[PDB]
Structures are given as C-alpha cells and as structure tokens.
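Contents: one structure, followed by commentary.
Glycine gets a Cβ as well: all are built from the backbone with ideal geometry, and neighbour counts include every protein chain shown. A short reminder: the numbers here are calculations on the coordinates, not readings from a lab.
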RNA sequence: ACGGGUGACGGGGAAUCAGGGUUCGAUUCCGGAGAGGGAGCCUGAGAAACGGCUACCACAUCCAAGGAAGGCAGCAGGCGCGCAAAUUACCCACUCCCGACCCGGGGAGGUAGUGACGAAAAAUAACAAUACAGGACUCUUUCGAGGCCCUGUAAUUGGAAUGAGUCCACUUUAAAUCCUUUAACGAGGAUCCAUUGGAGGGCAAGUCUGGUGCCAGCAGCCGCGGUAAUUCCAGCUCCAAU
Ligand SMILES: [Mg+2]
Ligand SMILES: [Mg+2]
Ligand SMILES: [Mg+2]
Ligand SMILES: [Mg+2]
Ligand SMILES: [Mg+2]
Ligand SMILES: [Mg+2]
Ligand SMILES: [Mg+2]
Ligand SMILES: [Mg+2]
Ligand SMILES: [Mg+2]
Ligand SMILES: [Mg+2]
Ligand SMILES: [Mg+2]
Ligand SMILES: [Mg+2]
Ligand SMILES: [Mg+2]
Ligand SMILES: [Mg+2]
Ligand SMILES: [Mg+2]
Ligand SMILES: [Mg+2]
Ligand SMILES: [Mg+2]
C-alpha cells in the first residue's frame, strides 16, 4: 500500500479490486469465458462416446506414438481428445463406446509429452480401465 | 428437521511434510515404546497437547487478576494434575508449555497395565486390555487409550470374569480339559 | 446372586404411583427378565406383583449391573387406567388389533369417495 | 507413420513370471513393532554413513 | 446513480488460517419466496391458499367422441437428465401439532432398510522354552568361554488366551432389529490369508534380476526409454499410510 490515510479504505478497496483482474488465476476463475471454453463446464468428469482411436505423435526429445481417443461428450456434444493412459489399454476401448473422462491434472493444460491433450480415460463401458489393466474385472461383451 | 446431533470433530491432524525422516524416526520410537497401533494414535495425542498448549498461550497473554484467566487457567491446571501429566509441585500456568507427548502417553491404560505388573510387555498390555481382562473401579474396560487418573490408578486390577483373575478358565483350556477327559471318558 | 436395589424413589399422588430406578446387580449372569424383577421388587416393597411395571433396562459394559425404570401402582384399576397400552400388552392384560396403517388409510380414503350410510358397506 | 497397431507390445511379449507364494505379513501394531525392533533395537551403527534398507550391491 | 451480470435467497454459521485475511453458506434454526408459467377470486380472524376455485398458456389422463378429471419444489417410487445422491418398509410408543377432544388423526415426527459424504473408538495376535546373532558382564594380549543378566527373529516345539462368525435365552422395542448381558460351539501355515500407491530427484524407499530397445510405455515438474533402463513391463525386496 502507498496511500495510507484514515479515509482511504475506499481507495484501497477499489484499487485492490481493479488489480485483481490482472491476476491470471483470478481472471480465469471469475470471468465466465474460461468456463464456457472449458469442455467440462466446471465438472470433474464427463461421459462421452468414443468416435475414434487415434495416435498422437509426442513432442521433442521424447519420441513416441501416444495412444489417444477422439471422444464426443454427452452434456455438450463437444468433441475432445482424451488420453488412454497405460500399456495396451486401447484394446479395452472400442469405437462407439461410452467412456468416463477426467482431466489429467494441470487443470486444462497440456501435460508432459503430449500436444494439447488435457483429458484422460478412467472408465470404459461402466468398468474402470485400471481394473481392466490389472485383470480384476474383464470387459463385458 | 430431524432430532439428531451432527456434532463431530476430527481428533487428530496429519503433518504438513509427508516424508521427513527427522519426524518419522521420532514417531516410530514413540509407537514402539508405547505399543501404539499406527501414526494416528501419535497424532491424536499431539493434537490434544496442541490444544492444551494453545489454550495456555491464550490464557498467558491476558494479564493476571482477571477472572477469565484465573478461572480457566485454574480449571486447566486442575484437570492436568487430575490426569497426572503435570505434578502438583508445578501448578503454574507457565509449566503447561513444558509438557511433552510422552507424559500423556504414559497415562494410557496400556502403559499403566504394563507399569503396574499386570502384564509383561507393552503389547502384552494391549492384548490383555483388548481381551477384556482388566477393569478400572469395577468397570471392565477394553480401550487402551483410556487415560488413567491419579486417584483412579490405585484400582487397576484384573477383571473378575477373566482366568487371570478369579474367573472361569477360558475356552482353549476348557476345550483341552474336556477333550482329554472325554476321550478318557 | 441376583440382587436388586432402588434409587430415586418418589411417590406420585398424581397418577397414583411409586416411581423408582431399578439397579439390578447380576454378576456372572445374563440380564434378568422383567417378571423376575417385578417379583423381587414385590417382596422388597411388600406389594402384590401384578401392579408393578418395569421397563427400560440397560446393562453396563462388563455386565455386573443393569439400570432400568419401575412404576408400581396403588391398585390394578389405576394400573389399567393411566398406563401405556404397550406396557399393558407386555403384561398381557391388553390386546390391540392386528390392523395395519397402510390398509386402514386406504380404507379411509375409500370411504371418502362415498356419502351417507355407504361407509359401512364399503368394508367387506 | 503413426502406427496404432502396435499397442501393448511390451506387456504382450514380456515373459510371464508367476508370483511366488511367500509368508504372511503381520499387520497393524505388530508391523509397527517389528519395524521398531528392526531399526531401534537390534541394528548397530556403521562406519561413516549408515546402510540403506534395500541396498543390494 | 442508473443499467447489465451473478454457477446471487439472506442471515445464524462452515472450511482454511500465526496476525490479518481468502473461500463457501441449495441444506435440519430464523426470516423470505414459490408450488408447471402467469393472472384473478371465494370462504375465513388469518390466503391472492394451489394435497381450494376460475380462466388462458404448455404438458398430460379417461371416453359410447357427447363430456370429465389434473398439478409429487410432501413421503416412497419411476422416467429423463447427468460425474453426481437411498425403501413404492413399520409405527403414532417418543416429540409435539390439530379437532367438539383424557378416547381420534398426523409419510410432521419417530423406527428400521440402502449407505467407505464424513466423524469417534478399535482386531488381523500375545507369551514361555529351545536354538542362533548381538550388547552387557567375570576373565582373556588376542583367539575365547561361561552364564550370573537381557533383547532381537526362526516354516523349532508348546500350551495359555480372546475376538469376528454360528447360535439358546433375556434385555432392547409400538413390535422388532442392532448394541449390551450371557449359556453352547468357535484359531496355528491362528488360509479366520490388508490393501492402496510408490522405490532417480523433489520425496521415505534396490544402481537386484529378466524381458524390451526412443518401440511399448513411465513421467504432477525436472526427466527415463537409442542392446549394460536406479524411471517402462514383470519377479524379489524395501518405503509410506493403514
Ligand atoms: Mg515438458
Ligand atoms: Mg439463483
Ligand atoms: Mg443457506
Ligand atoms: Mg441453485
Ligand atoms: Mg404462497
Ligand atoms: Mg415439477
Ligand atoms: Mg396460486
Ligand atoms: Mg401436492
Ligand atoms: Mg400447502
Ligand atoms: Mg453420490
Ligand atoms: Mg404420537
Ligand atoms: Mg419425512
Ligand atoms: Mg484379515
Ligand atoms: Mg520395479
Ligand atoms: Mg522421488
Ligand atoms: Mg532418498
Ligand atoms: Mg520414477
């Protein structure tokens, strides 16, 4: 604070309120357009339909073909790309199937090797991909 | 509108640093020296001690001769003496801040059963309390974290309905004694 | 081995009662039936054991003691008059009907649709 | 390029080692007691630094 | 100011917190508002009432096609919606409410069923004797012994225990259930089998082994994978919470 006087509470409050909007973590949270462009809309998870099983090339130095999924969400109709995490788990996901998709952890930010993907798959056809990976539950058919 | 209470309170806290060796090395020491079941039973006592130290700090900022300080500090010192973590020779508000977790962990019924010669080890003491062997003033108790008062420590005894006290022998002994003499007749 | 003590004894000239807390000392035994508690209280207070209504028994952990409530009456007519129906039915001197709440409400809402003396002709 | 037909290659072609049957692990206060006895009772100090719990050199 | 927006019912309060603060408050208490959306009224002390009426709008039920009957943001329940939420149960015994009333009614309320939202307590072993490895001790230059004396773990032997569970009875209770009391059974690999995540750093914890070979995949960030991977996939072991 630079003005200090006894009647400067209005100036301090109005200046602090106006300088909140230059904060990135405040402006994203308190303007609506971030939530509108958010494919989840404030939701932690979303159910979608698998449109395609796609292969996204990784970035620089780390060279791999990440196995992602082109999903169309149900609450919005909006098409995203989610990441099928572990080894061999794209076999347990079929085209035209309903998955549960969460974020990956950096709150709408591309993570690690992968261009642009900010979503991952936790369940497929109401059985979790972790259980299908560990062999606890089989894929119903 | 239902006639329920909903008043609950978490009785412990997790430490801010999850993997500090200088903390883990001293919690495992207390667990081993007092036969505790996990780290949460260390943290519950640390939690309780933090409340006693905090309330003593808020009483110590106020000046003397003010009846809130006099009344609440007197009540806190009386219950600390009544538990037995603070001796009667140091009934002053500044000596509360000298308390440690081991003084409270030595007032557990698991510790007192092991100290009073009723048990061999501190884990012997816990399984004896859990197996309904020990009563405190005619009340059979199976909580090892039962905080034993100074006056109530004199009446820690084995329960009447226990083979270690004056009771009927248990199921393994009576199964052997019936199986052998039922084969013998 | 079974001993009974009374606590907070208080006569009641309002419902014609004597109300007390029953302390049932039964070490080594299962908790004592209410009829036995009535007759052991009856010998204690010199009263016939058909006017004594005991209830609310909880036995403490460890099992050397049990606390309940008891209410003894000046006469059996007053014991019939100002007593709960469920305690009278536990004594057996009262029988309530078997009738449900669901079907009784449905019969009430079925006699709501008719007027005059057809309300008795709705049933059966 | 960008072949998606090579999913799970390493998990599929790795050699299956069956898990070996081993002894039961004691739990709770027993596990805390043996972890107290393994670190504060029987072990003796080492020249220079100490030794790691899983060091197999 | 006015206007617009509000993932705004408000408050008692909730979370986090050194001191300030920041965030939440649909939600059991108080006050407001509304009963599909608006509108209008009767009766009554009190209503612009909706488990009252009257329209119109939208939706929807029966029909001899003339007509009639609506209103679960009550309790259950169903569809739909979604990441996301329980039984078409029992009772007026409690709390209190209403009535002409000591007597009747109350999905208000209470009681159970589902219930890892979440909170409190707390099992998954404990102990002897044999080994065996230690320290401590008399002695010994050491190499060593012995046991006065302990501690540790050994798929070594061994009796003593106890709870989960099965189950009489009693209590509990409107009637029950459950807890508690207590008979009878009920443990040794006490198989009556504790998981979830990790093990390069951050960050506690293998440079063990095998396969793979910038592929598969790991990786919150830095980074690992290029034929000798502390980082993948598995085995063994260890660590953290339980
Ligand atoms: Mg990067
Ligand atoms: Mg709103
Ligand atoms: Mg509110
Ligand atoms: Mg809302
Ligand atoms: Mg209204
Ligand atoms: Mg509606
Ligand atoms: Mg209206
Ligand atoms: Mg209605
Ligand atoms: Mg109404
Ligand atoms: Mg839910
Ligand atoms: Mg009632
Ligand atoms: Mg209700
Ligand atoms: Mg188990
Ligand atoms: Mg590994
Ligand atoms: Mg690390
Ligand atoms: Mg380390
Ligand atoms: Mg790593």
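Calculate, in nm to one decimal, what residue A:137 and residue A:18 gain on full extension: separation in residues at 0.36 nm each, minus their alpha carbon distance. It would help to have the intermediate numbers written out before the result.
Values: separation 119, 0.36 × 119 = 42.84 nm, distance 5.41 nm.
In short, 37.4 nm is gained.
In percent, how large is the relative contact order of chain A, given Cα pairs closer than 8 Å and 6 or more residues apart?
Details: 223 pairs, mean separation 25.9, N = 141.
Relative contact order for chain A comes out at 18 percent.
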Starting from the Kirkwood Rh over alpha-carbon pairs, what translational D in µm² s⁻¹ does the stretch A:85-131 have by Stokes-Einstein at 20 °C and 1.002 mPa s? 186 µm²/s
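With an 8 Å Cα cut-off and a minimum separation of 6 or more residues, compute the relative contact order for chain B in percent. Please list the in-between numbers first.
Details: 183 pairs, mean separation 27.6, N = 185.
After rounding, I find 15 percent.
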Per-residue ellipticity at 222 nm attributable to helices in chain B (runs of n ≥ 4 DSSP H, -39500 (n - 2.57) apiece, nearest 500 deg cm²/dmol) works out to -15000 deg cm²/dmol
Once you have the Kirkwood Rh of chain C from its Cα pairs, apply Stokes-Einstein at 37 °C and 0.692 mPa s and quote D in µm²/s. 190 µm²/s
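Taking 45 Å as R0, compute the FRET efficiency from the Cβ-Cβ separation of residue B:102 and residue B:70 and round it to 0.05. If you can, show how the numbers build up before the last one.
Details: r = 30 Å, r/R0 = 0.66.
According to the calculation, E is roughly 0.90.
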Using the 10 angstrom Cβ neighbour count as an exposure proxy, how do B:63, B:94 rank, fewest first? B:63, B:94
For chain A, how big is Rg over Rh, using alpha carbon atoms and the Kirkwood form of Rh? 1.20
So what's chain D giving for Cα Rg divided by 2.2 N^0.38 Å, two decimals? 2.08
For the stretch B:18-185, the Rg and Dmax computed from alpha carbons only, in angstrom: 21.1, 82
Scaled by the rule-of-thumb 2.2 N^0.38 Å, the alpha carbon Rg for the stretch B:126-185 gives a ratio of 1.48
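Nearest 500 deg cm²/dmol is fine: what mean residue ellipticity at 222 nm does chain C get from its DSSP H runs of n ≥ 4 alone, each adding -39,500 (n - 2.57), divided by its residue count? Mind showing how you got there, number by number?
Values: 5 runs with 39 residues, N = 124.
Estimated from H runs of four or more residues: -8500 deg cm²/dmol.
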What number, in nm² with one decimal, is the all-direction average of the projected area of the convex hull of the alpha-carbon atoms of the stretch B:92-150? 4.6 nm²
How high is the relative contact order of chain C, in percent, with contacts defined as C-alpha pairs under 8 Å that are six or more residues apart? 20 percent
Taking only Cα atoms, what is the 0 to 90° angle, nearest 10, from helix D:29-40's long axis to the longest principal axis of chain D? 70 degrees
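Divide by every residue of chain A the summed helix terms, -39500 (n - 2.57) for each DSSP H run of at least 4, and state the resulting mean residue ellipticity at 222 nm, rounded to the nearest 500 deg cm²/dmol.
Details: 4 runs with 31 residues, N = 141.
The per-residue figure over chain A is -6000 deg cm²/dmol.
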Max mean-square fluctuation residue, GNM over chain B, Cα-Cα springs under 10 Å, options B:110, B:153, B:26: B:26
Extent of the protein assembly as shown along each principal axis, from alpha carbon coordinates, in Å, largest to smallest? 102, 95, 90
Give me the angle, in degrees from 0 to 90, between the Cα long axis of helix B:21-34 and the longest principal axis of the Cα atoms of chain B, rounded to the nearest 10. 50 degrees
Fluctuation leader among A:29, A:82, A:102 - chain A, Gaussian network, Cα springs under 10 angstrom: A:29
Give the angle, between 0 and 90 degrees and rounded to the nearest 10, that separates the Cα long axis of helix A:9-20 from the longest principal axis of the Cα atoms of chain A. 30 degrees
For residue C:61 and residue C:42 in one chain, what is 0.36 nm times their gap in residues minus the Cα-Cα distance, to one decimal in nm? 4.1 nm
Ranking of C:75, B:159 by count of other Cβ atoms within 10 Å, fewest first: C:75, B:159
Per the Cauchy relation, a quarter of the hull surface: what is the mean projected area of the convex hull of the alpha carbons in the stretch C:76-122, in nm²? 5.0 nm²
